[PDB]
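Report on the structure given below.
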Amino acid sequence: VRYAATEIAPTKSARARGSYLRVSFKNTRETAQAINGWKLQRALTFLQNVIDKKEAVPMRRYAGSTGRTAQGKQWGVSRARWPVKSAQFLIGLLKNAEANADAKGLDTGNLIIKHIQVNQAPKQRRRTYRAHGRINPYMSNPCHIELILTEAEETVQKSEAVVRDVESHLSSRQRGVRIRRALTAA
Amino acid sequence: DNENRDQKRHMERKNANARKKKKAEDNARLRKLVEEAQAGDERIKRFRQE
Amino acid sequence: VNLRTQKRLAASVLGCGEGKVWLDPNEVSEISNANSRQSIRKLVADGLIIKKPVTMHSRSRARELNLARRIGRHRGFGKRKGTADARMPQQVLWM
Amino acid sequence: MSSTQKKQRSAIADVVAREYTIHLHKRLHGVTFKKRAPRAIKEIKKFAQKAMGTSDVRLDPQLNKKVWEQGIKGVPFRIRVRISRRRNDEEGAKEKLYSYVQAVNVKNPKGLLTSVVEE
RNA sequence: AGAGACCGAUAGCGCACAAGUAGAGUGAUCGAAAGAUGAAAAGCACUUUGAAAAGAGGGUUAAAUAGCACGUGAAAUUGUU
RNA sequence: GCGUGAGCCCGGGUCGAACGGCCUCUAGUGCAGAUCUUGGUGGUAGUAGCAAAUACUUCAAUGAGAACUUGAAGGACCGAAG
Ligand SMILES: [Mg+2]
Ligand SMILES: [Mg+2]
Ligand SMILES: [Mg+2]
Ligand SMILES: [Mg+2]
Ligand SMILES: [Mg+2]
Ligand SMILES: [Mg+2]
Ligand SMILES: [Mg+2]
Ligand SMILES: [Mg+2]
Ligand SMILES: [Mg+2]
Ligand SMILES: [Mg+2]
Ligand SMILES: [Mg+2]
Ligand SMILES: [Mg+2]
Ligand SMILES: [Mg+2]
Ligand SMILES: [Mg+2]
Ligand SMILES: [Mg+2]
Ligand SMILES: [Mg+2]
Ligand SMILES: [Mg+2]
Ligand SMILES: [Mg+2]
Ligand SMILES: [Mg+2]
Ligand SMILES: [Mg+2]
Ligand SMILES: [Mg+2]
Ligand SMILES: [Mg+2]
Ligand SMILES: [Mg+2]
Ligand SMILES: [Mg+2]
Ligand SMILES: [Mg+2]
Ligand SMILES: [Mg+2]
Ligand SMILES: [Mg+2]
Ligand SMILES: [Mg+2]
Ligand SMILES: [Mg+2]
Ligand SMILES: [Mg+2]
Ligand SMILES: [Mg+2]
Ligand SMILES: [Mg+2]
């Protein structure tokens, strides 16, 4: 439909999205923010191992009064968790994106998570029975997910701005000094 | 000419379970032969005693 | 497979509860396509469905205690909880 | 560099069976009464996993009989079992081996060392 | 039946819609919310990934930055850069 | 860009069928408050919490996926004012 970046040409990249997914928004956002700019194979191995409970995803923004663990120190944070259900949903989109890359004919050896996004979704209605005959809402927070995969070049070792810089509007007294120094030095 | 992708998948279901069970049975037979050969072979019996 | 219907039908045919019906696990696929009691009586007559026996409950200790009571063994002062009138009323002794 | 050579030797030696004596009294000391029997099975599973490095253990219903024979609160102090390692033939398998444990019947488990069963 | 220096979907009758309807109360009675794709459905053939829902291609149209959650799509609040 | 000010005018993007300047007439004509009315949305917060009624376990089958689906084998409860 319309992705959030629009600076990526469709013919040199791959893309995928999914909407109305019934997964926790705050946990999925932390998983997505954890996997950003990584290699595709490394991200797939890391995220599946999260399901296997060998490493933990750091909780950074939505981490109010949450327990601590020793596996987060490698991220420099003391709070981390294991969102299995969001990891399971993420595998579906990462595999779908790989299927689109191979179908399009790109080289699957070296991919990068170029763009990734999690958005909120319309909520769902449920009720609760509290006390004294009162009723309170019982909501859910679904989300949309989308991502774009591109190639990796990372090779820039040249620029011409310094050579471009030139001196156009010069005063007469300074120009005279420049000429005199040119003569006295060469 | 199949009513699109869905029908092939519907039959593929049955085809897949049949082939997987059959493949497992074939592996079973292959190993069963390997084991018969291991049991019969006398080289191992002398090798362990030494 | 879902064999919920078969236990109810077998219990109805056998005239017992579903806690005493035994179906052998090794042809459950073939048992599942019964869907009728006439077929259930054919399966019970073929030995695939049987009725389990009752649980043991014997009165050996009770009757041997009765025999030991017949010769005055367990009727001391420490084994009675009611009054003598409750155990053997005077009204019936006089009667 | 010889790790692969040792696994190769193990390709011939993978089928094997031994006898073990599990002292369950020393591992069930202090646990809740309403959880002793379910915990003992998980301790047997971890004992087999540590013993054979298979990460896939299958219990014998006869061993279930021998561990649930005296209710939850009644668990034998010691038990004698047979551990045999065999290959997993199903193609869609994470790891290629698994263990199958079963109960060896004896009058008492005292005085017996561990031995490698030979056929 | 004919008209207006009247109102223009939180307005105008409670009702521009299967409105005195749905719903609450034993009962007398109380009583809502809800209009707009496009000139014409021409409402996405088929390929592929996927358990499915869905995605990517590829198609119709002047436009899908109009896709039956459909004209225009502001603020509170949220995501990436 | 203009005016002290309420405000007016232009450039760029989106969109698709009606709209302004000047002089008179007319009014349901200018909002931050009223524990204002209706609708929508936040921090608190991935927090409080999901703790009465004794209790579960092994193998096999179905299935993309099984503590709370099915079969068998154990262990238990209701204990005739059930
Ligand atoms: Mg805090
Ligand atoms: Mg605190
Ligand atoms: Mg707390
Ligand atoms: Mg409540
Ligand atoms: Mg009430
Ligand atoms: Mg909320
Ligand atoms: Mg009496
Ligand atoms: Mg008297
Ligand atoms: Mg203690
Ligand atoms: Mg109205
Ligand atoms: Mg409205
Ligand atoms: Mg109204
Ligand atoms: Mg509308
Ligand atoms: Mg499409
Ligand atoms: Mg479809
Ligand atoms: Mg347009
Ligand atoms: Mg439009
Ligand atoms: Mg909307
Ligand atoms: Mg719109
Ligand atoms: Mg805003
Ligand atoms: Mg129009
Ligand atoms: Mg007014
Ligand atoms: Mg206001
Ligand atoms: Mg005021
Ligand atoms: Mg309000
Ligand atoms: Mg809590
Ligand atoms: Mg509580
Ligand atoms: Mg309870
Ligand atoms: Mg299966
Ligand atoms: Mg339970
Ligand atoms: Mg009892
Ligand atoms: Mg009575």
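Note on naming: chains are A, B, ... as they come in the structure tokens, residues start from 1 per chain, ligands start from 1 in the order shown.
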
Who sits within 8 Å of region 135-145 of chain A, only C-alpha atoms (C1' of nucleotides), same chain under 3 positions skipped, as number ranges by chain: A: 17-25, 116-131

Please, which residues have at least one atom within 10 Å of an atom of ligand 13, using only C-alpha atoms (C1' of nucleotides) and all ligand atoms, listed as number ranges by chain? E: 35-36, 70-73

Using N, CA and C atoms (P, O5', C5', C4', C3', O3' and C1' of nucleotides), can you export the residues from the last selection as a PDB file, in the first residue's frame?
ATOM      1  P     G E  35     -24.272   8.427  10.390  1.00  0.00           P
ATOM      2  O5'   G E  35     -24.292   8.006   8.855  1.00  0.00           O
ATOM      3  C5'   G E  35     -25.268   7.102   8.363  1.00  0.00           C
ATOM      4  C4'   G E  35     -25.790   7.526   7.014  1.00  0.00           C
ATOM      5  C3'   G E  35     -24.739   7.822   5.955  1.00  0.00           C
ATOM      6  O3'   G E  35     -24.246   6.641   5.349  1.00  0.00           O
ATOM      7  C1'   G E  35     -26.391   9.516   5.937  1.00  0.00           C
ATOM      8  P     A E  36     -22.722   6.552   4.853  1.00  0.00           P
ATOM      9  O5'   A E  36     -22.647   7.630   3.685  1.00  0.00           O
ATOM     10  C5'   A E  36     -23.393   7.461   2.486  1.00  0.00           C
ATOM     11  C4'   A E  36     -22.785   8.223   1.336  1.00  0.00           C
ATOM     12  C3'   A E  36     -21.311   7.924   1.079  1.00  0.00           C
ATOM     13  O3'   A E  36     -21.049   7.963  -0.320  1.00  0.00           O
ATOM     14  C1'   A E  36     -21.580  10.228   1.537  1.00  0.00           C
ATOM     15  P     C E  70     -13.997   3.311   7.004  1.00  0.00           P
ATOM     16  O5'   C E  70     -13.763   3.159   5.434  1.00  0.00           O
ATOM     17  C5'   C E  70     -14.278   4.110   4.515  1.00  0.00           C
ATOM     18  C4'   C E  70     -13.662   3.937   3.149  1.00  0.00           C
ATOM     19  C3'   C E  70     -14.085   4.942   2.090  1.00  0.00           C
ATOM     20  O3'   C E  70     -13.353   6.151   2.197  1.00  0.00           O
ATOM     21  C1'   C E  70     -14.109   2.740   1.187  1.00  0.00           C
ATOM     22  P     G E  71     -14.073   7.523   2.628  1.00  0.00           P
ATOM     23  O5'   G E  71     -14.601   8.146   1.262  1.00  0.00           O
ATOM     24  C5'   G E  71     -13.787   8.147   0.099  1.00  0.00           C
ATOM     25  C4'   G E  71     -13.804   9.486  -0.598  1.00  0.00           C
ATOM     26  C3'   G E  71     -12.962  10.582   0.036  1.00  0.00           C
ATOM     27  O3'   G E  71     -11.594  10.486  -0.319  1.00  0.00           O
ATOM     28  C1'   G E  71     -15.100  11.438  -0.537  1.00  0.00           C
ATOM     29  P     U E  72     -10.447  10.605   0.801  1.00  0.00           P
ATOM     30  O5'   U E  72     -10.455  12.146   1.206  1.00  0.00           O
ATOM     31  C5'   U E  72     -10.091  13.145   0.264  1.00  0.00           C
ATOM     32  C4'   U E  72     -10.492  14.522   0.730  1.00  0.00           C
ATOM     33  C3'   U E  72      -9.916  14.963   2.069  1.00  0.00           C
ATOM     34  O3'   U E  72      -8.605  15.486   1.950  1.00  0.00           O
ATOM     35  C1'   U E  72     -12.242  15.416   2.010  1.00  0.00           C
ATOM     36  P     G E  73      -7.334  14.651   2.475  1.00  0.00           P
ATOM     37  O5'   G E  73      -7.595  14.454   4.034  1.00  0.00           O
ATOM     38  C5'   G E  73      -7.763  15.575   4.895  1.00  0.00           C
ATOM     39  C4'   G E  73      -8.104  15.161   6.307  1.00  0.00           C
ATOM     40  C3'   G E  73      -7.073  14.264   6.998  1.00  0.00           C
ATOM     41  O3'   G E  73      -6.988  14.614   8.379  1.00  0.00           O
ATOM     42  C1'   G E  73      -9.177  13.204   7.008  1.00  0.00           C
TER      43        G E  73
END

I'd like the contact shell of residue 30 (chain A) - 8 Å cut-off, only C-alpha atoms (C1' of nucleotides), skipping same-chain residues fewer than 2 positions apart - returned as a list in words. residues 26, 27, 28, 32, 33, 34, 57, 58, 59 and 60 of chain A

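Near chain B, within 8 Å and using only C-alpha atoms, the residues of chain D are residues 89, 90 and 91 of chain D.
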
Would you output that residue set with N, CA, C and O atoms, as a short mmCIF file (atom, residue, chain, number, x, y, z; two decimals), in the first residue's frame?
data_model
loop_
_atom_site.label_atom_id
_atom_site.label_comp_id
_atom_site.auth_asym_id
_atom_site.auth_seq_id
_atom_site.Cartn_x
_atom_site.Cartn_y
_atom_site.Cartn_z
N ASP D 89 15.23 -42.36 14.62
CA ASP D 89 15.16 -42.55 13.17
C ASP D 89 14.32 -41.50 12.45
O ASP D 89 14.43 -41.39 11.23
N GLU D 90 13.50 -40.74 13.17
CA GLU D 90 12.65 -39.74 12.52
C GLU D 90 13.54 -38.63 11.95
O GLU D 90 14.41 -38.10 12.65
N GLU D 91 13.31 -38.28 10.68
CA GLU D 91 14.18 -37.32 10.00
C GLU D 91 14.07 -35.90 10.56
O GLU D 91 15.08 -35.21 10.69
#

Would you list the contacts of region 37-44 of chain E as a PDB file with N, CA, C and O atoms (P, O5', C5', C4', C3', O3' and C1' of nucleotides), in the first residue's frame, taking every protein, DNA or RNA residue within 9 Å and counting only C-alpha atoms (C1' of nucleotides), but skipping same-chain residues closer than 6 positions in sequence?
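Everything below was put into around_36.pdb:
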ATOM      1  P     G E  59       0.904  -5.775 -15.403  1.00  0.00           P
ATOM      2  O5'   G E  59      -0.563  -5.806 -14.783  1.00  0.00           O
ATOM      3  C5'   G E  59      -1.661  -5.274 -15.507  1.00  0.00           C
ATOM      4  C4'   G E  59      -2.966  -5.924 -15.122  1.00  0.00           C
ATOM      5  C3'   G E  59      -4.170  -4.996 -15.099  1.00  0.00           C
ATOM      6  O3'   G E  59      -4.721  -4.799 -16.390  1.00  0.00           O
ATOM      7  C1'   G E  59      -4.133  -6.288 -13.119  1.00  0.00           C
ATOM      8  P     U E  60      -4.955  -3.313 -16.954  1.00  0.00           P
ATOM      9  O5'   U E  60      -6.345  -2.868 -16.318  1.00  0.00           O
ATOM     10  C5'   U E  60      -7.553  -3.514 -16.691  1.00  0.00           C
ATOM     11  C4'   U E  60      -8.729  -2.971 -15.921  1.00  0.00           C
ATOM     12  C3'   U E  60      -8.895  -1.461 -15.946  1.00  0.00           C
ATOM     13  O3'   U E  60      -9.520  -1.006 -17.135  1.00  0.00           O
ATOM     14  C1'   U E  60      -9.143  -2.248 -13.732  1.00  0.00           C
ATOM     15  P     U E  61      -9.048   0.362 -17.829  1.00  0.00           P
ATOM     16  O5'   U E  61      -9.375   1.468 -16.732  1.00  0.00           O
ATOM     17  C5'   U E  61     -10.720   1.788 -16.405  1.00  0.00           C
ATOM     18  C4'   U E  61     -10.787   2.808 -15.300  1.00  0.00           C
ATOM     19  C3'   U E  61      -9.972   4.067 -15.527  1.00  0.00           C
ATOM     20  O3'   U E  61     -10.617   4.994 -16.383  1.00  0.00           O
ATOM     21  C1'   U E  61      -9.606   3.270 -13.330  1.00  0.00           C
ATOM     22  P     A E  66      -6.594   8.560  -3.675  1.00  0.00           P
ATOM     23  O5'   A E  66      -7.283   7.157  -3.363  1.00  0.00           O
ATOM     24  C5'   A E  66      -7.731   6.835  -2.055  1.00  0.00           C
ATOM     25  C4'   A E  66      -9.208   6.532  -2.039  1.00  0.00           C
ATOM     26  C3'   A E  66      -9.586   5.058  -2.038  1.00  0.00           C
ATOM     27  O3'   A E  66      -9.518   4.471  -0.750  1.00  0.00           O
ATOM     28  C1'   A E  66     -10.887   6.210  -3.642  1.00  0.00           C
ATOM     29  P     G E  67      -8.577   3.194  -0.487  1.00  0.00           P
ATOM     30  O5'   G E  67      -9.424   1.964  -1.042  1.00  0.00           O
ATOM     31  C5'   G E  67     -10.735   1.694  -0.551  1.00  0.00           C
ATOM     32  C4'   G E  67     -11.045   0.216  -0.541  1.00  0.00           C
ATOM     33  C3'   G E  67     -10.117  -0.647   0.315  1.00  0.00           C
ATOM     34  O3'   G E  67     -10.864  -1.730   0.865  1.00  0.00           O
ATOM     35  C1'   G E  67     -10.053  -1.400  -1.915  1.00  0.00           C
ATOM     36  P     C E  68     -11.110  -1.831   2.450  1.00  0.00           P
ATOM     37  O5'   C E  68     -12.693  -1.732   2.587  1.00  0.00           O
ATOM     38  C5'   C E  68     -13.543  -2.251   1.568  1.00  0.00           C
ATOM     39  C4'   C E  68     -14.962  -1.760   1.717  1.00  0.00           C
ATOM     40  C3'   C E  68     -15.770  -2.419   2.831  1.00  0.00           C
ATOM     41  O3'   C E  68     -16.664  -1.460   3.398  1.00  0.00           O
ATOM     42  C1'   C E  68     -16.818  -2.823   0.744  1.00  0.00           C
ATOM     43  P     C E  70     -13.997   3.311   7.004  1.00  0.00           P
ATOM     44  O5'   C E  70     -13.763   3.159   5.434  1.00  0.00           O
ATOM     45  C5'   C E  70     -14.278   4.110   4.515  1.00  0.00           C
ATOM     46  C4'   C E  70     -13.662   3.937   3.149  1.00  0.00           C
ATOM     47  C3'   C E  70     -14.085   4.942   2.090  1.00  0.00           C
ATOM     48  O3'   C E  70     -13.353   6.151   2.197  1.00  0.00           O
ATOM     49  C1'   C E  70     -14.109   2.740   1.187  1.00  0.00           C
ATOM     50  P     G E  71     -14.073   7.523   2.628  1.00  0.00           P
ATOM     51  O5'   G E  71     -14.601   8.146   1.262  1.00  0.00           O
ATOM     52  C5'   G E  71     -13.787   8.147   0.099  1.00  0.00           C
ATOM     53  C4'   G E  71     -13.804   9.486  -0.598  1.00  0.00           C
ATOM     54  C3'   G E  71     -12.962  10.582   0.036  1.00  0.00           C
ATOM     55  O3'   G E  71     -11.594  10.486  -0.319  1.00  0.00           O
ATOM     56  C1'   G E  71     -15.100  11.438  -0.537  1.00  0.00           C
TER      57        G E  71
END

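Separating CA of residue 16 (chain D) from CA of residue 29 (chain B) is a distance of 20.6 Å.
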
In Å, with one decimal, what is the gap from CA of residue 1 (chain B) to CA of residue 96 (chain A)? 27.3 Å

Might you pull out every residue within 12 Å of residue 38 (chain D), with only C-alpha atoms (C1' of nucleotides) counted and same-chain residues fewer than 2 positions away left off, and present them as a PDB file with C-alpha atoms (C1' of nucleotides), in the first residue's frame?
ATOM      1  CA  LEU D  28      13.565 -35.522  47.845  1.00  0.00           C
ATOM      2  CA  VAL D  31       9.997 -31.127  49.394  1.00  0.00           C
ATOM      3  CA  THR D  32       6.249 -30.739  49.796  1.00  0.00           C
ATOM      4  CA  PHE D  33       4.310 -33.974  50.292  1.00  0.00           C
ATOM      5  CA  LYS D  34       1.823 -33.075  47.544  1.00  0.00           C
ATOM      6  CA  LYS D  35       4.690 -32.804  45.012  1.00  0.00           C
ATOM      7  CA  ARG D  36       7.173 -35.593  45.850  1.00  0.00           C
ATOM      8  CA  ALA D  40      10.877 -37.551  41.420  1.00  0.00           C
ATOM      9  CA  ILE D  41      10.111 -38.183  37.739  1.00  0.00           C
ATOM     10  CA  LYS D  42      11.665 -34.842  36.768  1.00  0.00           C
ATOM     11  CA  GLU D  43      14.706 -35.724  38.867  1.00  0.00           C
ATOM     12  CA  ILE D  44      15.013 -39.067  37.083  1.00  0.00           C
ATOM     13  CA  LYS D  45      14.774 -37.234  33.754  1.00  0.00           C
ATOM     14  CA  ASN D  64       6.013 -45.235  36.393  1.00  0.00           C
ATOM     15  CA  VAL D  67       7.545 -44.889  41.300  1.00  0.00           C
ATOM     16  CA  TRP D  68       3.776 -44.414  41.830  1.00  0.00           C
ATOM     17  CA  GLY D  71       1.223 -42.987  46.451  1.00  0.00           C
ATOM     18  CA  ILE D  72       2.781 -39.546  46.245  1.00  0.00           C
ATOM     19  CA  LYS D  73       4.176 -39.471  49.785  1.00  0.00           C
ATOM     20  CA  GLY D  74       5.701 -42.949  49.485  1.00  0.00           C
ATOM     21  CA  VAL D  75       8.819 -42.933  47.300  1.00  0.00           C
TER      22      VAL D  75
ATOM     23  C1'   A F  55      -3.930 -33.725  42.938  1.00  0.00           C
ATOM     24  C1'   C F  56      -1.811 -35.154  39.584  1.00  0.00           C
ATOM     25  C1'   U F  57       1.624 -38.754  36.325  1.00  0.00           C
ATOM     26  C1'   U F  58       3.541 -42.261  31.796  1.00  0.00           C
ATOM     27  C1'   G F  75      -2.670 -42.232  42.021  1.00  0.00           C
TER      28        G F  75
END

May I ask you to write as number ranges by chain all residues lying at most 8 Å from ligand 26, with only C-alpha atoms (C1' of nucleotides) and all ligand atoms counted? F: 47-49

Selection from above, N, CA and C atoms (P, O5', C5', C4', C3', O3' and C1' of nucleotides), as a PDB file, in the first residue's frame, can you write it?
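The new file out.pdb reads:
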ATOM      1  P     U F  47       4.245  -5.603  34.766  1.00  0.00           P
ATOM      2  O5'   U F  47       3.684  -5.117  36.174  1.00  0.00           O
ATOM      3  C5'   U F  47       4.400  -4.169  36.951  1.00  0.00           C
ATOM      4  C4'   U F  47       3.475  -3.284  37.751  1.00  0.00           C
ATOM      5  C3'   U F  47       2.418  -4.010  38.568  1.00  0.00           C
ATOM      6  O3'   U F  47       2.920  -4.482  39.806  1.00  0.00           O
ATOM      7  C1'   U F  47       1.425  -2.202  37.404  1.00  0.00           C
ATOM      8  P     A F  48       2.336  -5.827  40.456  1.00  0.00           P
ATOM      9  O5'   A F  48       0.888  -5.393  40.961  1.00  0.00           O
ATOM     10  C5'   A F  48       0.726  -4.699  42.190  1.00  0.00           C
ATOM     11  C4'   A F  48      -0.723  -4.383  42.459  1.00  0.00           C
ATOM     12  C3'   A F  48      -1.627  -5.586  42.670  1.00  0.00           C
ATOM     13  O3'   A F  48      -1.573  -6.085  43.994  1.00  0.00           O
ATOM     14  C1'   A F  48      -2.645  -4.086  41.149  1.00  0.00           C
ATOM     15  P     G F  49      -0.854  -7.490  44.293  1.00  0.00           P
ATOM     16  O5'   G F  49      -1.569  -8.511  43.300  1.00  0.00           O
ATOM     17  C5'   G F  49      -2.829  -9.073  43.628  1.00  0.00           C
ATOM     18  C4'   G F  49      -3.785  -9.062  42.461  1.00  0.00           C
ATOM     19  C3'   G F  49      -4.004 -10.399  41.771  1.00  0.00           C
ATOM     20  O3'   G F  49      -4.948 -11.203  42.453  1.00  0.00           O
ATOM     21  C1'   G F  49      -3.690  -8.700  40.149  1.00  0.00           C
TER      22        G F  49
END

Step by step, measure atom-to-atom distances between ligand 8 and each residue using only C-alpha atoms (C1' of nucleotides) and all ligand atoms, keep those at most 12 Å, then write them as a PyMOL selection string. chain C and resi 85+89-95

Go ahead and save the residues from that selection, with C-alpha atoms, as a PDB file, in the first residue's frame.
ATOM      1  CA  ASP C  85     -30.328 -49.141  78.915  1.00  0.00           C
ATOM      2  CA  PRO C  89     -33.442 -51.936  77.706  1.00  0.00           C
ATOM      3  CA  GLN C  90     -35.123 -53.121  80.879  1.00  0.00           C
ATOM      4  CA  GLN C  91     -38.518 -52.796  79.195  1.00  0.00           C
ATOM      5  CA  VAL C  92     -37.643 -55.545  76.732  1.00  0.00           C
ATOM      6  CA  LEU C  93     -35.886 -57.669  79.353  1.00  0.00           C
ATOM      7  CA  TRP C  94     -39.136 -57.649  81.340  1.00  0.00           C
ATOM      8  CA  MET C  95     -41.105 -58.118  78.124  1.00  0.00           C
TER       9      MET C  95
END

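Neighbouring residues of ligand 31 at a cut-off of 12 Å, counting only C-alpha atoms (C1' of nucleotides) and all ligand atoms, are residues 54, 76, 77, 78, 79 and 82 of chain F.
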
Residues as selected, C-alpha atoms (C1' of nucleotides), written as a PDB file, in the first residue's frame, can you do that?
ATOM      1  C1'   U F  54      -6.688 -32.007  49.317  1.00  0.00           C
ATOM      2  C1'   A F  76      -7.002 -39.725  44.365  1.00  0.00           C
ATOM      3  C1'   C F  77     -12.003 -37.247  45.803  1.00  0.00           C
ATOM      4  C1'   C F  78     -17.511 -37.122  46.407  1.00  0.00           C
ATOM      5  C1'   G F  79     -18.367 -41.748  50.933  1.00  0.00           C
ATOM      6  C1'   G F  82     -23.443 -37.632  47.735  1.00  0.00           C
TER       7        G F  82
END

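Within 7 Å of chain A, counting only C-alpha atoms (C1' of nucleotides), chain E contributes residues 49, 55, 56, 79 and 80 of chain E.
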
Output C-alpha atoms (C1' of nucleotides) for every residue in the selection just made, as a PDB file, in the first residue's frame.
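File again-v3.pdb, as written:
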ATOM      1  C1'   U E  49       5.314 -17.452   0.006  1.00  0.00           C
ATOM      2  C1'   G E  55       1.954 -10.643   2.141  1.00  0.00           C
ATOM      3  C1'   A E  56       4.738  -9.642  -2.637  1.00  0.00           C
ATOM      4  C1'   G E  79       6.087   4.921  15.908  1.00  0.00           C
ATOM      5  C1'   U E  80      10.520   5.606  12.695  1.00  0.00           C
TER       6        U E  80
END

Selection within 12 Å of ligand 12 by only C-alpha atoms (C1' of nucleotides) and all ligand atoms, output as a ChimeraX atom specification: /E:9-16,19,31-34

Protein and nucleic residues near ligand 22, 12 Å, only C-alpha atoms (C1' of nucleotides) and all ligand atoms, as a count of residues only: 5

So that I can check the secondary structure, give me every residue of region 1-117 of chain D assigned strand (DSSP E) by backbone DSSP, as a PyMOL selection string. chain D and resi 16-23+57-58+78-87+97-103

Grab the residues selected above and save them as a short mmCIF file (atom, residue, chain, number, x, y, z; two decimals), in the first residue's frame with N, CA, C and O atoms.
data_model
loop_
_atom_site.label_atom_id
_atom_site.label_comp_id
_atom_site.auth_asym_id
_atom_site.auth_seq_id
_atom_site.Cartn_x
_atom_site.Cartn_y
_atom_site.Cartn_z
N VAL D 16 24.25 -48.74 23.72
CA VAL D 16 24.85 -49.19 24.97
C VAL D 16 23.76 -49.20 26.02
O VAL D 16 22.72 -48.55 25.85
N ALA D 17 24.00 -49.91 27.11
CA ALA D 17 23.07 -49.97 28.22
C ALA D 17 23.85 -50.22 29.50
O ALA D 17 24.80 -51.01 29.51
N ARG D 18 23.44 -49.55 30.57
CA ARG D 18 24.11 -49.69 31.85
C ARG D 18 23.05 -49.78 32.95
O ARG D 18 21.86 -49.54 32.72
N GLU D 19 23.52 -50.12 34.14
CA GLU D 19 22.68 -50.21 35.33
C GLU D 19 23.07 -49.11 36.31
O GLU D 19 24.25 -48.93 36.61
N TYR D 20 22.07 -48.38 36.81
CA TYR D 20 22.33 -47.29 37.74
C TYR D 20 21.44 -47.44 38.97
O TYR D 20 20.34 -47.98 38.90
N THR D 21 21.93 -46.91 40.09
CA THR D 21 21.17 -46.86 41.33
C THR D 21 20.98 -45.39 41.71
O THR D 21 21.94 -44.70 42.04
N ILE D 22 19.73 -44.94 41.68
CA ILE D 22 19.37 -43.56 41.97
C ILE D 22 18.91 -43.48 43.41
O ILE D 22 17.95 -44.15 43.81
N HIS D 23 19.63 -42.68 44.21
CA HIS D 23 19.31 -42.45 45.62
C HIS D 23 18.33 -41.29 45.68
O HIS D 23 18.72 -40.13 45.80
N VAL D 57 14.85 -37.89 26.91
CA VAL D 57 14.70 -39.05 27.78
C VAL D 57 13.26 -39.55 27.69
O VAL D 57 12.32 -38.75 27.71
N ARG D 58 13.09 -40.86 27.54
CA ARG D 58 11.78 -41.49 27.48
C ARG D 58 11.61 -42.47 28.63
O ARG D 58 12.43 -43.39 28.80
N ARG D 78 15.93 -45.78 47.47
CA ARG D 78 16.86 -46.09 46.40
C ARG D 78 16.12 -46.87 45.32
O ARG D 78 15.12 -47.54 45.60
N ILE D 79 16.60 -46.77 44.08
CA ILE D 79 15.97 -47.48 42.98
C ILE D 79 17.04 -47.92 41.99
O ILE D 79 18.07 -47.26 41.84
N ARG D 80 16.79 -49.05 41.33
CA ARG D 80 17.70 -49.62 40.34
C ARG D 80 17.06 -49.58 38.97
O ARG D 80 15.95 -50.09 38.79
N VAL D 81 17.76 -48.98 38.00
CA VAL D 81 17.21 -48.73 36.68
C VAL D 81 18.22 -49.13 35.62
O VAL D 81 19.42 -49.25 35.88
N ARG D 82 17.71 -49.33 34.41
CA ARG D 82 18.51 -49.61 33.23
C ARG D 82 18.41 -48.43 32.27
O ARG D 82 17.31 -48.03 31.89
N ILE D 83 19.56 -47.88 31.88
CA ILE D 83 19.60 -46.79 30.91
C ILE D 83 20.25 -47.30 29.64
O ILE D 83 21.39 -47.77 29.66
N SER D 84 19.52 -47.18 28.52
CA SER D 84 19.99 -47.63 27.22
C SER D 84 19.88 -46.48 26.23
O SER D 84 18.83 -45.83 26.15
N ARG D 85 20.95 -46.23 25.48
CA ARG D 85 20.96 -45.17 24.48
C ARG D 85 20.78 -45.75 23.08
O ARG D 85 21.50 -46.68 22.70
N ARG D 86 19.83 -45.20 22.33
CA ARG D 86 19.49 -45.69 21.00
C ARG D 86 19.27 -44.51 20.07
O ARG D 86 19.03 -43.38 20.51
N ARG D 87 19.33 -44.78 18.77
CA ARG D 87 19.27 -43.74 17.75
C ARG D 87 17.83 -43.39 17.38
O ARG D 87 16.94 -44.25 17.40
N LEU D 97 20.00 -38.55 18.80
CA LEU D 97 20.00 -39.63 19.77
C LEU D 97 18.93 -39.39 20.82
O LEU D 97 18.42 -38.28 20.99
N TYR D 98 18.57 -40.46 21.53
CA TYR D 98 17.70 -40.34 22.69
C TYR D 98 17.90 -41.55 23.59
O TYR D 98 18.44 -42.58 23.17
N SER D 99 17.45 -41.41 24.83
CA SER D 99 17.57 -42.45 25.84
C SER D 99 16.20 -43.00 26.21
O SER D 99 15.20 -42.28 26.18
N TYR D 100 16.17 -44.28 26.56
CA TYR D 100 14.94 -44.97 26.96
C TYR D 100 15.23 -45.72 28.25
O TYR D 100 15.94 -46.73 28.24
N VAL D 101 14.68 -45.22 29.36
CA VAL D 101 14.96 -45.78 30.68
C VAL D 101 13.83 -46.71 31.09
O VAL D 101 12.66 -46.47 30.77
N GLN D 102 14.18 -47.80 31.78
CA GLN D 102 13.21 -48.78 32.23
C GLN D 102 13.68 -49.39 33.54
O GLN D 102 14.85 -49.29 33.91
N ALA D 103 12.74 -50.02 34.25
CA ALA D 103 12.97 -50.48 35.61
C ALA D 103 13.47 -51.92 35.63
O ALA D 103 12.84 -52.80 35.03
#

Enumerate, as a PyMOL selection string, the complete set of residues in chain C that a backbone-based DSSP assignment places in alpha helix (DSSP H). chain C and resi 4-14+28-32+37-45+60-70+84-87+90-94

For a quick test of understanding: name the residues of chain F lying within 8 Å of chain C when counting only C-alpha atoms (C1' of nucleotides), and present them as number ranges by chain. F: 61-62, 70-72
